[PDB]
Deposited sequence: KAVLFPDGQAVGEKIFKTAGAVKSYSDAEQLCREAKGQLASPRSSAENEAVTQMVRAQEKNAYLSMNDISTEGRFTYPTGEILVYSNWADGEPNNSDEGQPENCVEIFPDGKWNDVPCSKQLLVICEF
């Protein structure tokens, strides 16, 4: 099961992984990391973070061009919800808090894995 918005479904099994291991888990499940593209999608992800009591990865990262956060397509963000002062070792990946706000993090951080389908 999971939380859905339109045709998109977010799911978690409570796994906690680094960014690379999280990406591999979602891809092997034939999805991808949570990529909220709207307020409504962000709120669905946030509900799951609050339930699990653990910040989650989003898919987006700036590994290609520093400060330009992109999806796995390489396209620039169409929506963001940065915490105050964010984006503030390098922090190339993105976590979502239980208040729904985002923070850039080192990609070695171990976070909740939420996939989208």
Coordinate gaps, deposited numbering: 1-6, 95-99
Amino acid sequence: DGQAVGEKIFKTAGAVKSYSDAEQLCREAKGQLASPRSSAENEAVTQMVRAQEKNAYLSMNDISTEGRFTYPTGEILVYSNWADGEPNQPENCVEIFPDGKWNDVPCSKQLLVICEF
From here on, numbers count along this sequence of modelled residues.
Using a one-third cut-off over the other compared PDB entries, is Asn92 one of the residues left without coordinates? no
Once average C-alpha B-factors are taken from the entry for 89-97 and 13-21, the winner is 89-97
So, looking at the entry's B-factor column for Cα atoms, which has the higher mean, 49-57 or 71-79? 71-79
Here the Cα B-factor of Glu116, set against its chain, lands in the third termed lowest
Against its chain's modelled residues, does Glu43's Cα B factor rank lowest, middle or highest third? middle
